[PDB]
There are 2 protein chains.
Amino acid sequence: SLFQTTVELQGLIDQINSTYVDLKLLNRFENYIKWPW
Amino acid sequence: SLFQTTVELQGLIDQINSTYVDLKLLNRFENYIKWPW
Ligand SMILES: *[C@@H]1O[C@H](CO)[C@@H](O[C@@H]2O[C@H](CO)[C@@H](O[C@@H]3O[C@H](CO[C@H]4O[C@H](CO[C@H]5O[C@H](CO)[C@@H](O)[C@H](O)[C@@H]5O)[C@@H](O[C@H]5O[C@H](CO)[C@@H](O)[C@H](O)[C@@H]5O)[C@H](O)[C@@H]4O)[C@@H](O[C@H]4O[C@H](CO)[C@@H](O)[C@H](O)[C@@H]4O)[C@H](O)[C@@H]3O)[C@H](O)[C@H]2NC(C)=O)[C@H](O)[C@H]1NC(C)=O
Ligand SMILES: *[C@@H]1O[C@H](CO)[C@@H](O[C@@H]2O[C@H](CO)[C@@H](O[C@@H]3O[C@H](CO[C@H]4O[C@H](CO[C@H]5O[C@H](CO)[C@@H](O)[C@H](O)[C@@H]5O)[C@@H](O[C@H]5O[C@H](CO)[C@@H](O)[C@H](O)[C@@H]5O)[C@H](O)[C@@H]4O)[C@@H](O[C@H]4O[C@H](CO)[C@@H](O)[C@H](O)[C@@H]4O)[C@H](O)[C@@H]3O)[C@H](O)[C@H]2NC(C)=O)[C@H](O)[C@H]1NC(C)=O
């Protein structure tokens, strides 16, 4: 039971890590390029 | 073991929740200020 819980938690951590990386990358990309495009 | 798992989960939640606050602050700031520079 503890192993299954930890595996699910690790999958969730990986997903959240990837999604925050993507969101921060999108924010930096929108800051990098000019506005009126 | 359960205390360690709960501590890891709480540490994850704190980072998630602070990241959500940080993202929403930037979103609100960008909503307040008009797009043109
Ligand atoms: C979940 O999200 C997390 C984001 O919050 C993410 O963690 C971060 O991921 C980044 C990549 O996506 C990591 O960036 C890497 O940085 C490498 C450079 O590391 C050098 O510095 C280390 C220590 O520096 C720290 O402290 C200084 C201040 O002194 C600070 O400015 C830095 O930002 C760091 O915080 C060195 O580690 C050594 O020292 C520590 C103790 O401080 C020891 O514990 C270590 O064992 C070790 O002895 C390290 O050796 C490096 O010198 C990038 O490496 C580039 O540069 C080196 C030369 O420095 C080249 O040789 C490489 O080829 C490469 O070009 C690397 O590419 C990457 O950019 C970031 O470090 C992560 N942060 C933490 C805290 O871990 C998680 O990864 C993510 N989860 C998953 C699963 O992905
Ligand atoms: C870190 O993350 C945190 C969670 O992600 C976050 O906290 C969240 O903040 C939100 C607001 O920013 C909160 O949403 C509000 O919810 C109000 C409703 O609250 C009522 O229920 C409370 C109890 O909730 C429990 O039960 C529900 C199911 O009903 C469950 O979903 C919850 O998870 C809880 O288990 C009541 O609190 C009472 O009981 C607790 C103990 O359980 C006591 O400690 C309290 O002191 C209190 O006695 C509360 O009183 C409410 O009854 C929304 O209120 C609407 O509805 C009420 C009627 O119910 C109206 O009167 C209001 O006018 C309004 O219309 C409110 O609008 C908002 O949506 C969210 O609940 C928080 N989550 C948690 C877990 O607390 C943190 O903000 C975040 N950190 C930072 C820095 O942001």
# chains A, B, ... in the order shown; residues from 1 in each chain; ligands from 1

$ calpha_fit_and_write --fixed "chain B" --moving "chain A" --output "compact mmCIF listing (two decimals) with N, CA, C and O atoms, in the first residue's frame"
# COMPACT_ATOMS: atom_id res chain seq x y z
N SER A 1 7.67 5.76 8.59
CA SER A 1 7.37 5.81 7.16
C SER A 1 6.21 6.76 6.88
O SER A 1 6.28 7.59 5.96
N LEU A 2 5.14 6.67 7.67
CA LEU A 2 4.00 7.56 7.47
C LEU A 2 4.39 9.01 7.73
O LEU A 2 3.93 9.92 7.02
N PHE A 3 5.24 9.26 8.73
CA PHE A 3 5.67 10.61 9.04
C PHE A 3 6.50 11.20 7.90
O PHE A 3 6.32 12.36 7.52
N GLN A 4 7.42 10.41 7.35
CA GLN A 4 8.21 10.88 6.21
C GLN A 4 7.32 11.17 5.01
O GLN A 4 7.49 12.19 4.33
N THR A 5 6.36 10.28 4.74
CA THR A 5 5.44 10.51 3.63
C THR A 5 4.64 11.79 3.83
O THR A 5 4.47 12.58 2.90
N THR A 6 4.15 12.02 5.06
CA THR A 6 3.36 13.21 5.33
C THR A 6 4.21 14.48 5.23
O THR A 6 3.73 15.51 4.77
N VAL A 7 5.47 14.42 5.67
CA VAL A 7 6.35 15.58 5.56
C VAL A 7 6.61 15.92 4.10
O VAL A 7 6.56 17.09 3.69
N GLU A 8 6.89 14.90 3.28
CA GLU A 8 7.09 15.15 1.85
C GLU A 8 5.83 15.71 1.21
O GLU A 8 5.90 16.64 0.40
N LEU A 9 4.67 15.16 1.59
CA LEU A 9 3.41 15.66 1.05
C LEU A 9 3.17 17.11 1.45
O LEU A 9 2.71 17.92 0.64
N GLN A 10 3.47 17.47 2.70
CA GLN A 10 3.29 18.84 3.16
C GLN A 10 4.22 19.80 2.42
O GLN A 10 3.81 20.91 2.06
N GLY A 11 5.47 19.39 2.20
CA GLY A 11 6.36 20.22 1.40
C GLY A 11 5.84 20.43 -0.01
O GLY A 11 5.89 21.54 -0.55
N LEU A 12 5.33 19.36 -0.62
CA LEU A 12 4.75 19.48 -1.95
C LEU A 12 3.55 20.43 -1.95
O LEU A 12 3.39 21.24 -2.87
N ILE A 13 2.69 20.32 -0.93
CA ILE A 13 1.52 21.19 -0.83
C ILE A 13 1.94 22.64 -0.72
O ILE A 13 1.37 23.53 -1.37
N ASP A 14 2.95 22.92 0.11
CA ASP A 14 3.43 24.29 0.25
C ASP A 14 3.98 24.82 -1.07
O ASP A 14 3.70 25.96 -1.46
N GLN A 15 4.76 23.99 -1.78
CA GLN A 15 5.33 24.43 -3.05
C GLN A 15 4.23 24.74 -4.06
O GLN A 15 4.28 25.76 -4.76
N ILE A 16 3.22 23.87 -4.15
CA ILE A 16 2.14 24.07 -5.12
C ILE A 16 1.31 25.29 -4.75
O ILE A 16 0.89 26.06 -5.62
N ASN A 17 1.04 25.47 -3.46
CA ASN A 17 0.34 26.66 -2.99
C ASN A 17 1.08 27.92 -3.43
O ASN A 17 0.49 28.83 -4.02
N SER A 18 2.39 27.97 -3.16
CA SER A 18 3.18 29.15 -3.52
C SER A 18 3.17 29.37 -5.03
O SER A 18 3.05 30.51 -5.49
N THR A 19 3.29 28.30 -5.81
CA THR A 19 3.39 28.46 -7.26
C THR A 19 2.07 28.93 -7.87
O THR A 19 2.06 29.80 -8.74
N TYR A 20 0.94 28.36 -7.42
CA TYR A 20 -0.35 28.88 -7.88
C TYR A 20 -0.58 30.31 -7.45
O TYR A 20 -1.15 31.11 -8.21
N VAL A 21 -0.16 30.68 -6.23
CA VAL A 21 -0.27 32.07 -5.82
C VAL A 21 0.51 32.96 -6.77
O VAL A 21 0.03 34.01 -7.23
N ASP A 22 1.73 32.54 -7.11
CA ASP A 22 2.57 33.33 -8.01
C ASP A 22 1.95 33.45 -9.40
O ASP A 22 1.94 34.52 -10.01
N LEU A 23 1.42 32.34 -9.93
CA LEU A 23 0.84 32.35 -11.27
C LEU A 23 -0.41 33.22 -11.32
O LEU A 23 -0.61 33.98 -12.28
N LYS A 24 -1.28 33.12 -10.31
CA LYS A 24 -2.47 33.96 -10.26
C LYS A 24 -2.09 35.43 -10.12
O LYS A 24 -2.72 36.30 -10.73
N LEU A 25 -1.05 35.72 -9.33
CA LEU A 25 -0.58 37.09 -9.21
C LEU A 25 -0.06 37.62 -10.54
O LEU A 25 -0.31 38.77 -10.90
N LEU A 26 0.68 36.79 -11.28
CA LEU A 26 1.17 37.20 -12.59
C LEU A 26 0.02 37.46 -13.56
O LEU A 26 0.05 38.43 -14.32
N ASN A 27 -0.99 36.59 -13.55
CA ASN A 27 -2.14 36.79 -14.42
C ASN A 27 -2.87 38.09 -14.08
O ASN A 27 -3.24 38.86 -14.98
N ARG A 28 -3.08 38.34 -12.79
CA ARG A 28 -3.76 39.57 -12.39
C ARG A 28 -2.91 40.80 -12.72
O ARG A 28 -3.45 41.85 -13.09
N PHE A 29 -1.59 40.69 -12.59
CA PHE A 29 -0.71 41.80 -12.94
C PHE A 29 -0.77 42.10 -14.43
O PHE A 29 -0.84 43.27 -14.83
N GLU A 30 -0.74 41.07 -15.27
CA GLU A 30 -0.88 41.25 -16.71
C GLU A 30 -2.24 41.79 -17.10
O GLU A 30 -2.34 42.52 -18.09
N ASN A 31 -3.29 41.45 -16.35
CA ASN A 31 -4.60 42.04 -16.61
C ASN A 31 -4.67 43.50 -16.16
O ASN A 31 -5.39 44.30 -16.75
N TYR A 32 -3.91 43.85 -15.12
CA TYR A 32 -3.99 45.19 -14.54
C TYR A 32 -3.38 46.23 -15.47
O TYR A 32 -3.97 47.29 -15.71
N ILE A 33 -2.19 45.96 -16.00
CA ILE A 33 -1.45 46.94 -16.77
C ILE A 33 -1.96 46.97 -18.20
O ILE A 33 -2.66 46.07 -18.66
N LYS A 34 -1.61 48.04 -18.91
CA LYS A 34 -2.03 48.19 -20.30
C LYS A 34 -1.29 47.21 -21.20
O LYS A 34 -0.25 46.67 -20.85
N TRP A 35 -1.86 47.00 -22.39
CA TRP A 35 -1.33 45.98 -23.29
C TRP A 35 -0.04 46.37 -24.00
O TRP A 35 0.91 45.56 -23.98
N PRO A 36 0.09 47.55 -24.65
CA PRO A 36 1.19 47.73 -25.61
C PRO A 36 2.54 48.06 -24.99
O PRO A 36 3.46 48.46 -25.71
N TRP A 37 2.69 47.89 -23.68
CA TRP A 37 4.01 48.06 -23.07
C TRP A 37 4.91 46.87 -23.37
O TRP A 37 4.43 45.75 -23.57

$ select_by_dssp --residues "chain A" --states "helix (DSSP H, G or I)" --output "PyMOL selection string"
chain A and resi 2-32
